[PDB]
Structures are given as C-alpha cells and as structure tokens.
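Asker: My structure is in run.cif, and what it holds is mmCIF, N, CA and C atoms:
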data_entry
#
loop_
_atom_site.label_atom_id
_atom_site.label_comp_id
_atom_site.auth_asym_id
_atom_site.auth_seq_id
_atom_site.Cartn_x
_atom_site.Cartn_y
_atom_site.Cartn_z
N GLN A 965 100.16 98.62 126.22
CA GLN A 965 100.86 98.97 124.98
C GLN A 965 101.18 97.76 124.10
N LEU A 966 101.00 96.54 124.60
CA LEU A 966 101.40 95.36 123.84
C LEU A 966 100.46 95.06 122.68
N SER A 967 99.28 95.66 122.64
CA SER A 967 98.27 95.34 121.63
C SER A 967 98.28 96.29 120.45
N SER A 968 99.22 97.23 120.38
CA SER A 968 99.28 98.17 119.27
C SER A 968 99.95 97.53 118.06
N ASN A 969 99.68 98.11 116.89
CA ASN A 969 100.15 97.56 115.63
C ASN A 969 101.50 98.12 115.21
N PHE A 970 101.68 99.44 115.31
CA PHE A 970 102.90 100.14 114.91
C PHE A 970 103.19 100.00 113.42
N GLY A 971 102.19 99.61 112.62
CA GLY A 971 102.34 99.52 111.18
C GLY A 971 102.30 98.12 110.61
N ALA A 972 102.46 97.09 111.44
CA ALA A 972 102.44 95.72 110.95
C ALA A 972 101.02 95.32 110.55
N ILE A 973 100.87 94.10 110.04
CA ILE A 973 99.55 93.64 109.61
C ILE A 973 98.77 93.07 110.78
N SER A 974 99.47 92.59 111.81
CA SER A 974 98.85 92.08 113.01
C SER A 974 99.66 92.50 114.23
N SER A 975 98.97 92.75 115.33
CA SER A 975 99.62 93.18 116.56
C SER A 975 100.15 92.02 117.39
N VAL A 976 99.77 90.78 117.07
CA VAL A 976 100.27 89.60 117.78
C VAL A 976 101.35 88.95 116.93
N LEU A 977 102.32 88.32 117.59
CA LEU A 977 103.50 87.83 116.88
C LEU A 977 103.28 86.44 116.29
N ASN A 978 102.50 85.60 116.96
CA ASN A 978 102.37 84.21 116.52
C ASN A 978 101.58 84.11 115.22
N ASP A 979 100.60 85.00 115.01
CA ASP A 979 99.80 84.94 113.79
C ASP A 979 100.66 85.25 112.58
N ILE A 980 101.40 86.36 112.62
CA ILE A 980 102.26 86.71 111.50
C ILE A 980 103.40 85.70 111.35
N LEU A 981 103.91 85.19 112.47
CA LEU A 981 105.04 84.27 112.41
C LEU A 981 104.66 82.95 111.76
N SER A 982 103.47 82.44 112.06
CA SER A 982 103.03 81.14 111.58
C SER A 982 102.25 81.21 110.27
N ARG A 983 102.16 82.39 109.66
CA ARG A 983 101.40 82.58 108.43
C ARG A 983 102.23 83.00 107.24
N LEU A 984 103.47 83.46 107.44
CA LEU A 984 104.28 84.00 106.36
C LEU A 984 105.71 83.48 106.46
N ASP A 985 106.40 83.53 105.33
CA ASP A 985 107.80 83.16 105.29
C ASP A 985 108.63 84.19 106.06
N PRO A 986 109.65 83.75 106.80
CA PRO A 986 110.50 84.70 107.55
C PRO A 986 111.12 85.76 106.65
N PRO A 987 111.51 85.44 105.40
CA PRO A 987 112.01 86.52 104.53
C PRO A 987 111.05 87.68 104.36
N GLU A 988 109.75 87.45 104.47
CA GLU A 988 108.79 88.55 104.47
C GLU A 988 108.43 88.99 105.88
N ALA A 989 108.38 88.05 106.83
CA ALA A 989 108.01 88.37 108.20
C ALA A 989 109.06 89.22 108.91
N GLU A 990 110.25 89.39 108.33
CA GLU A 990 111.28 90.19 108.97
C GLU A 990 110.81 91.63 109.21
N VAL A 991 110.16 92.24 108.22
CA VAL A 991 109.72 93.63 108.35
C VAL A 991 108.67 93.75 109.44
N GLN A 992 107.69 92.85 109.43
CA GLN A 992 106.61 92.89 110.41
C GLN A 992 107.15 92.70 111.82
N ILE A 993 108.16 91.84 111.98
CA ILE A 993 108.77 91.65 113.29
C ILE A 993 109.55 92.90 113.70
N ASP A 994 110.25 93.52 112.75
CA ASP A 994 111.09 94.68 113.07
C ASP A 994 110.26 95.85 113.57
N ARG A 995 109.10 96.09 112.95
CA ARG A 995 108.25 97.20 113.39
C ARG A 995 107.82 97.02 114.85
N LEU A 996 107.36 95.82 115.19
CA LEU A 996 106.96 95.55 116.57
C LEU A 996 108.14 95.69 117.52
N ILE A 997 109.31 95.22 117.09
CA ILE A 997 110.50 95.29 117.95
C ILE A 997 110.80 96.74 118.31
N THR A 998 110.86 97.61 117.30
CA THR A 998 111.23 99.00 117.59
C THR A 998 110.16 99.70 118.43
N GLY A 999 108.87 99.43 118.15
CA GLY A 999 107.83 100.05 118.96
C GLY A 999 107.91 99.66 120.42
N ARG A 1000 108.05 98.35 120.68
CA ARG A 1000 108.07 97.89 122.07
C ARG A 1000 109.33 98.36 122.79
N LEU A 1001 110.46 98.43 122.09
CA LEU A 1001 111.67 98.97 122.70
C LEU A 1001 111.47 100.42 123.12
N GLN A 1002 110.84 101.23 122.26
CA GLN A 1002 110.60 102.62 122.62
C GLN A 1002 109.70 102.73 123.85
N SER A 1003 108.65 101.91 123.92
CA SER A 1003 107.77 101.93 125.08
C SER A 1003 108.53 101.62 126.37
N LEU A 1004 109.38 100.58 126.32
CA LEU A 1004 110.14 100.21 127.51
C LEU A 1004 111.09 101.33 127.94
N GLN A 1005 111.74 101.99 126.98
CA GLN A 1005 112.64 103.09 127.33
C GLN A 1005 111.89 104.22 128.03
N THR A 1006 110.71 104.57 127.51
CA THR A 1006 109.93 105.64 128.14
C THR A 1006 109.58 105.28 129.58
N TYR A 1007 109.14 104.03 129.80
CA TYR A 1007 108.80 103.59 131.15
C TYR A 1007 109.99 103.71 132.09
N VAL A 1008 111.16 103.26 131.65
CA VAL A 1008 112.34 103.28 132.52
C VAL A 1008 112.73 104.71 132.89
N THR A 1009 112.68 105.63 131.92
CA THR A 1009 113.05 107.01 132.23
C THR A 1009 112.10 107.63 133.25
N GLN A 1010 110.80 107.40 133.08
CA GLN A 1010 109.84 107.93 134.05
C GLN A 1010 110.11 107.37 135.45
N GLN A 1011 110.41 106.07 135.53
CA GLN A 1011 110.70 105.47 136.83
C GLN A 1011 111.93 106.09 137.47
N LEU A 1012 112.96 106.38 136.68
CA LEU A 1012 114.17 106.99 137.23
C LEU A 1012 113.86 108.35 137.85
N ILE A 1013 113.09 109.18 137.14
CA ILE A 1013 112.78 110.51 137.68
C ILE A 1013 111.98 110.39 138.98
N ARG A 1014 110.97 109.51 139.00
CA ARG A 1014 110.16 109.36 140.20
C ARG A 1014 110.99 108.84 141.37
N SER B 316 121.02 84.14 135.24
CA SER B 316 120.20 83.79 134.09
C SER B 316 118.75 83.68 134.54
N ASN B 317 117.92 83.06 133.71
CA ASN B 317 116.50 82.90 133.99
C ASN B 317 116.14 81.42 133.93
N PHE B 318 115.01 81.09 134.55
CA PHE B 318 114.51 79.72 134.61
C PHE B 318 113.17 79.66 133.89
N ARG B 319 113.08 78.81 132.87
CA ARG B 319 111.88 78.68 132.06
C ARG B 319 111.55 77.21 131.88
N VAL B 320 110.28 76.87 132.06
CA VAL B 320 109.82 75.49 131.96
C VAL B 320 109.48 75.19 130.51
N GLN B 321 110.21 74.25 129.91
CA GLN B 321 109.92 73.83 128.55
C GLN B 321 108.65 72.98 128.52
N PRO B 322 107.96 72.94 127.38
CA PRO B 322 106.78 72.07 127.26
C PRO B 322 107.17 70.60 127.38
N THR B 323 106.27 69.82 127.97
CA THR B 323 106.57 68.41 128.22
C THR B 323 106.38 67.56 126.96
N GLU B 324 105.25 67.72 126.27
CA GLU B 324 104.98 66.94 125.08
C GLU B 324 104.09 67.75 124.14
N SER B 325 104.38 67.65 122.85
CA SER B 325 103.63 68.38 121.83
C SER B 325 102.35 67.64 121.47
N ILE B 326 101.26 68.39 121.37
CA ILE B 326 99.98 67.85 120.94
C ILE B 326 99.53 68.58 119.68
N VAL B 327 98.70 67.90 118.89
CA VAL B 327 98.19 68.42 117.63
C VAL B 327 96.67 68.30 117.66
N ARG B 328 95.98 69.40 117.36
CA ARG B 328 94.52 69.45 117.41
C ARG B 328 93.98 70.02 116.10
N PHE B 329 93.44 69.15 115.25
CA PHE B 329 92.75 69.54 114.03
C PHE B 329 91.67 68.50 113.78
N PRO B 330 90.45 68.91 113.44
CA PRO B 330 89.33 67.96 113.39
C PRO B 330 89.49 66.94 112.28
N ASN B 331 88.56 65.97 112.28
CA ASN B 331 88.55 64.87 111.32
C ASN B 331 87.60 65.12 110.15
N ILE B 332 87.48 66.37 109.71
CA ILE B 332 86.62 66.75 108.58
C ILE B 332 86.92 65.88 107.37
N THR B 333 85.87 65.49 106.64
CA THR B 333 85.95 64.47 105.60
C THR B 333 85.70 65.01 104.20
N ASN B 334 84.62 65.76 104.00
CA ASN B 334 84.17 66.15 102.67
C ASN B 334 85.20 67.03 101.97
N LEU B 335 85.34 66.82 100.67
CA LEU B 335 86.31 67.53 99.84
C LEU B 335 85.61 68.56 98.97
N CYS B 336 86.24 69.72 98.81
CA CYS B 336 85.69 70.76 97.97
C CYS B 336 85.77 70.36 96.49
N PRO B 337 84.81 70.79 95.68
CA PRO B 337 84.85 70.48 94.23
C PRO B 337 85.72 71.46 93.45
N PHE B 338 87.03 71.42 93.73
CA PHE B 338 87.96 72.29 93.02
C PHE B 338 88.15 71.89 91.57
N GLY B 339 87.89 70.63 91.22
CA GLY B 339 88.02 70.20 89.84
C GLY B 339 86.94 70.73 88.92
N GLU B 340 85.80 71.13 89.48
CA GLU B 340 84.71 71.66 88.67
C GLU B 340 84.95 73.10 88.22
N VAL B 341 85.79 73.85 88.93
CA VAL B 341 86.04 75.25 88.58
C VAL B 341 87.33 75.35 87.77
N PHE B 342 88.29 74.47 88.05
CA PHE B 342 89.52 74.45 87.27
C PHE B 342 89.31 73.80 85.91
N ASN B 343 88.34 72.89 85.79
CA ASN B 343 87.99 72.25 84.53
C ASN B 343 86.57 72.62 84.11
N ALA B 344 86.19 73.88 84.33
CA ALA B 344 84.87 74.34 83.94
C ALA B 344 84.74 74.36 82.42
N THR B 345 83.55 73.99 81.93
CA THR B 345 83.33 73.94 80.49
C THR B 345 83.46 75.33 79.86
N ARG B 346 82.86 76.34 80.49
CA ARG B 346 82.94 77.71 80.01
C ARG B 346 83.20 78.63 81.18
N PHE B 347 84.07 79.62 80.97
CA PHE B 347 84.43 80.58 82.00
C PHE B 347 83.71 81.91 81.77
N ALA B 348 83.51 82.65 82.86
CA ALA B 348 82.83 83.93 82.79
C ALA B 348 83.74 84.99 82.17
N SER B 349 83.11 86.03 81.63
CA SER B 349 83.84 87.13 81.02
C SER B 349 84.47 88.01 82.09
N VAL B 350 85.41 88.86 81.65
CA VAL B 350 86.11 89.74 82.59
C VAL B 350 85.16 90.77 83.18
N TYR B 351 84.29 91.35 82.35
CA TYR B 351 83.35 92.36 82.84
C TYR B 351 82.17 91.76 83.59
N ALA B 352 82.02 90.44 83.59
CA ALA B 352 80.97 89.74 84.32
C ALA B 352 81.56 88.55 85.06
N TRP B 353 82.66 88.79 85.78
CA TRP B 353 83.40 87.71 86.42
C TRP B 353 82.55 87.01 87.48
N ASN B 354 82.56 85.68 87.44
CA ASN B 354 81.79 84.88 88.38
C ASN B 354 82.48 84.86 89.74
N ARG B 355 81.67 84.85 90.80
CA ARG B 355 82.18 84.79 92.16
C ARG B 355 81.31 83.83 92.96
N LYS B 356 81.93 82.80 93.54
CA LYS B 356 81.23 81.80 94.32
C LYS B 356 81.87 81.67 95.70
N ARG B 357 81.11 81.10 96.63
CA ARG B 357 81.55 80.91 98.00
C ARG B 357 81.65 79.42 98.30
N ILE B 358 82.76 79.01 98.91
CA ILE B 358 83.01 77.61 99.25
C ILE B 358 83.24 77.52 100.75
N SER B 359 82.64 76.50 101.37
CA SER B 359 82.79 76.29 102.80
C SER B 359 82.41 74.85 103.13
N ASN B 360 82.65 74.47 104.39
CA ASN B 360 82.27 73.15 104.91
C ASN B 360 82.90 72.02 104.09
N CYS B 361 84.17 72.18 103.75
CA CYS B 361 84.88 71.16 102.98
C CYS B 361 86.38 71.35 103.18
N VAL B 362 87.14 70.31 102.84
CA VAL B 362 88.59 70.32 102.96
C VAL B 362 89.18 70.79 101.63
N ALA B 363 90.00 71.83 101.69
CA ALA B 363 90.69 72.34 100.51
C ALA B 363 92.15 71.89 100.55
N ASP B 364 92.58 71.19 99.50
CA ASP B 364 93.94 70.68 99.39
C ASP B 364 94.68 71.52 98.35
N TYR B 365 95.61 72.34 98.83
CA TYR B 365 96.39 73.20 97.95
C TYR B 365 97.73 72.59 97.55
N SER B 366 98.10 71.45 98.13
CA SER B 366 99.35 70.80 97.74
C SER B 366 99.28 70.31 96.30
N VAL B 367 98.15 69.72 95.90
CA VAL B 367 98.01 69.24 94.53
C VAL B 367 98.04 70.39 93.54
N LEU B 368 97.39 71.51 93.89
CA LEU B 368 97.38 72.67 93.00
C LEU B 368 98.77 73.27 92.86
N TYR B 369 99.49 73.41 93.97
CA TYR B 369 100.83 73.99 93.93
C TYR B 369 101.81 73.08 93.18
N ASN B 370 101.74 71.77 93.43
CA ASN B 370 102.65 70.84 92.78
C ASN B 370 102.33 70.65 91.30
N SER B 371 101.14 71.04 90.86
CA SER B 371 100.76 70.87 89.46
C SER B 371 101.61 71.75 88.56
N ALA B 372 102.01 71.20 87.42
CA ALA B 372 102.82 71.91 86.44
C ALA B 372 102.00 72.45 85.28
N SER B 373 100.67 72.41 85.38
CA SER B 373 99.81 72.94 84.33
C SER B 373 99.53 74.43 84.48
N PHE B 374 100.02 75.05 85.55
CA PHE B 374 99.81 76.48 85.77
C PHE B 374 101.02 77.27 85.27
N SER B 375 100.76 78.52 84.88
CA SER B 375 101.82 79.40 84.41
C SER B 375 102.42 80.22 85.55
N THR B 376 101.58 80.87 86.35
CA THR B 376 102.02 81.67 87.48
C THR B 376 101.20 81.31 88.72
N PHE B 377 101.85 81.34 89.88
CA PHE B 377 101.20 81.07 91.17
C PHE B 377 101.83 82.00 92.20
N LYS B 378 101.20 83.16 92.41
CA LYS B 378 101.66 84.16 93.36
C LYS B 378 100.63 84.32 94.46
N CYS B 379 101.08 84.29 95.71
CA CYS B 379 100.21 84.42 96.87
C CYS B 379 100.51 85.72 97.60
N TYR B 380 99.45 86.42 98.00
CA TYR B 380 99.56 87.72 98.65
C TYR B 380 99.02 87.61 100.07
N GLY B 381 99.85 87.97 101.05
CA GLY B 381 99.47 87.98 102.44
C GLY B 381 99.75 86.69 103.19
N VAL B 382 99.70 85.55 102.51
CA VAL B 382 99.92 84.25 103.13
C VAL B 382 100.83 83.42 102.24
N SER B 383 101.75 82.68 102.86
CA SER B 383 102.63 81.79 102.10
C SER B 383 101.84 80.58 101.61
N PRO B 384 102.13 80.09 100.40
CA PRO B 384 101.36 78.95 99.87
C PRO B 384 101.71 77.63 100.53
N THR B 385 102.89 77.50 101.13
CA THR B 385 103.30 76.24 101.74
C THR B 385 102.62 75.96 103.06
N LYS B 386 101.98 76.96 103.68
CA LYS B 386 101.30 76.79 104.96
C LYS B 386 99.79 76.92 104.83
N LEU B 387 99.25 76.71 103.63
CA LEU B 387 97.82 76.81 103.40
C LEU B 387 97.06 75.55 103.80
N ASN B 388 97.76 74.43 103.99
CA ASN B 388 97.11 73.18 104.38
C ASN B 388 96.96 73.04 105.89
N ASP B 389 97.56 73.94 106.67
CA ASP B 389 97.49 73.90 108.12
C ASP B 389 96.59 74.96 108.72
N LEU B 390 96.51 76.13 108.10
CA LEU B 390 95.69 77.22 108.61
C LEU B 390 94.20 76.91 108.41
N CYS B 391 93.37 77.67 109.12
CA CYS B 391 91.92 77.53 109.05
C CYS B 391 91.30 78.90 108.83
N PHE B 392 90.27 78.95 108.00
CA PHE B 392 89.56 80.18 107.67
C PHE B 392 88.09 80.03 108.04
N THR B 393 87.29 81.02 107.63
CA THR B 393 85.84 80.98 107.77
C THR B 393 85.12 80.82 106.44
N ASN B 394 85.57 81.52 105.40
CA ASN B 394 84.97 81.39 104.08
C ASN B 394 86.01 81.80 103.04
N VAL B 395 85.78 81.37 101.80
CA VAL B 395 86.67 81.68 100.69
C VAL B 395 85.82 82.11 99.50
N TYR B 396 86.47 82.79 98.56
CA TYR B 396 85.83 83.27 97.34
C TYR B 396 86.63 82.80 96.13
N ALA B 397 85.92 82.38 95.09
CA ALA B 397 86.54 81.94 93.84
C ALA B 397 86.08 82.88 92.72
N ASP B 398 86.99 83.72 92.25
CA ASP B 398 86.71 84.68 91.18
C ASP B 398 87.26 84.12 89.88
N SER B 399 86.37 83.84 88.93
CA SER B 399 86.74 83.24 87.65
C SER B 399 86.45 84.23 86.52
N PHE B 400 87.47 84.51 85.71
CA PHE B 400 87.35 85.43 84.60
C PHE B 400 88.51 85.22 83.63
N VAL B 401 88.31 85.67 82.39
CA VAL B 401 89.25 85.47 81.30
C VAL B 401 89.68 86.83 80.77
N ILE B 402 90.99 87.05 80.69
CA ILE B 402 91.56 88.26 80.11
C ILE B 402 92.63 87.88 79.10
N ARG B 403 92.57 88.50 77.92
CA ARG B 403 93.50 88.22 76.84
C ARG B 403 94.45 89.39 76.66
N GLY B 404 95.44 89.19 75.79
CA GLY B 404 96.37 90.25 75.49
C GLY B 404 97.33 90.52 76.64
N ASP B 405 97.86 91.74 76.64
CA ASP B 405 98.77 92.19 77.69
C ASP B 405 97.96 92.59 78.92
N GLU B 406 98.62 93.27 79.86
CA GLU B 406 98.02 93.78 81.10
C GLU B 406 97.61 92.64 82.03
N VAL B 407 98.12 91.43 81.80
CA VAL B 407 97.81 90.30 82.67
C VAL B 407 98.44 90.48 84.04
N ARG B 408 99.65 91.05 84.10
CA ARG B 408 100.37 91.22 85.35
C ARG B 408 99.70 92.22 86.29
N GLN B 409 98.75 93.01 85.79
CA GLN B 409 98.11 94.03 86.61
C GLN B 409 97.11 93.46 87.61
N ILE B 410 96.83 92.16 87.57
CA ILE B 410 95.90 91.56 88.52
C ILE B 410 96.64 91.31 89.82
N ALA B 411 96.66 92.33 90.69
CA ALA B 411 97.37 92.31 91.96
C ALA B 411 97.00 93.56 92.75
N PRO B 412 97.06 93.52 94.08
CA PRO B 412 96.73 94.71 94.86
C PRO B 412 97.72 95.84 94.61
N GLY B 413 97.22 97.07 94.72
CA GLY B 413 98.04 98.25 94.57
C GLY B 413 98.63 98.43 93.18
N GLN B 414 97.80 98.26 92.15
CA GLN B 414 98.24 98.40 90.77
C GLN B 414 97.28 99.31 90.02
N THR B 415 97.78 99.92 88.95
CA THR B 415 97.02 100.85 88.13
C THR B 415 97.06 100.42 86.67
#
Output the file's structure as structure tokens, nothing else.
Answerer:
Amino acid sequence: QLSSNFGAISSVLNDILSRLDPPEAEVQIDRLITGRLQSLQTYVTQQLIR
Amino acid sequence: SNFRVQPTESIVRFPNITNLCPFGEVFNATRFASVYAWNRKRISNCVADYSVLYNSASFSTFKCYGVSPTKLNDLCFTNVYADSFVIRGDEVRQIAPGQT
C-alpha cells in the first residue's frame, strides 16, 4: 500500500519534498498522511478480530 | 523510545559537466516566432543556469508551475523544451495550465 498516490503528484515523499516549497508541499504531504493512516487503522482492526 | 543511527558524513554527487546551453541566443533572438506558429526547440547535453535568469530584473513576470524556481540548479532532467511566441494586447495572463 505504500506505493499508492491518493491524489498527490507523486507517491514517494522525497521527490515532492525536494522539488517544491513546503507552503505548496503541505497539501501533497497531507494526502499521503491521511491515506497511510487509514491503511494502518484497517490493518490493526483486522488483527484484533483474528 | 527508539534507536536510530544517524548518518556519519554527508556526501554530494553531481558530475563535472562543462558545456553551457545557449540561452542568450533565444532570449536575445533577432526575430521571434508568431503565436499561431510558435517555435519549439529541444535543449540537452548542457548546463542550464537559472540563477542568472531569476535574478535578472529585465523580466516582467516569472511564474513556475510544478517546480520551485529556487531549486532548479540542483535537480536533473532528461530534456527540455523552449516555446517562443509573441502575443499582444490583453489575455496575456491566460498562458497557464487549466485556463480558458
């Protein structure tokens, strides 16, 4: 799941981080943050049930 | 807490490329192409210096889309395109992505 885009321009963090100003990179970072958090929550819930 | 090994020493890797692109020939071109027949050329195998262009006060507007202009001297590409054309009157601001 780490290679998905979730709406950003790039799925990797270092490319967007080292190519744009943080005032613009905030949105691209936020999209990845929320997507990865959702993935982790799903994994944890499944583990609890099992 | 957690244990993480910090890097020991920073290294920098960028080649010793020498040749310079002829940016002065397109910025000081004798005649420019028309809007309906805009010229497009490809530049490669040369060093492009954007610090001189950005610091120059002979330009009216300098807007960059997708990449910050202050980090253009460190990144590396594969090829670039130079689109040269002349437009008069209003509607100058419409030259940008996602515009009508």
Asker: Interatomic distance between atom CA of residue 375 of chain B and atom CA of residue 989 of chain A?
Answerer: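 Computing it gives 26.2 Å between the two atoms.
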Asker: What are the closest atom pairs, with distances in Å to one decimal, for all residues of chain B lying within 7 Å of chain A? Consider only C-alpha atoms, order rows by chain and residue number, and present the result as JSON lines.
Answerer:
{"residue": "B:382", "atom": "CA", "partner": "A:984", "partner_atom": "CA", "distance": 5.4}
{"residue": "B:383", "atom": "CA", "partner": "A:984", "partner_atom": "CA", "distance": 5.1}
{"residue": "B:386", "atom": "CA", "partner": "A:983", "partner_atom": "CA", "distance": 6.8}
Asker: What does the distance between atom CA of residue 410 of chain B and atom N of residue 379 of chain B come to in Å, to one decimal place?
Answerer: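 Rounded to one decimal, the two atoms are 11.5 Å apart.
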Asker: Let me know the residues the PyMOL selection byres ((chain B and resi 334) around 6.5) catches in the file above, as a ChimeraX atom specification.
Answerer: /B:332-333,335-336,360-362
Asker: Quick one: apply the PyMOL selection byres ((chain A and resi 972) around 8) to the file and drop the selected residues here as a list in words.
Answerer: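 For this structure, the PyMOL selection byres ((chain A and resi 972) around 8) captures residues 968, 969, 970, 971, 973, 974, 975, 991, 992, 993, 995 and 996 of chain A.
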Asker: One decimal, Å: what's the distance from atom CA of residue 997 of chain A over to atom CA of residue 384 of chain B, could you say?
Answerer: 26.0 Å
Asker: Give me, as a count of residues only, the residues of chain A that a backbone DSSP run labels alpha helix (DSSP H).
Answerer: 33
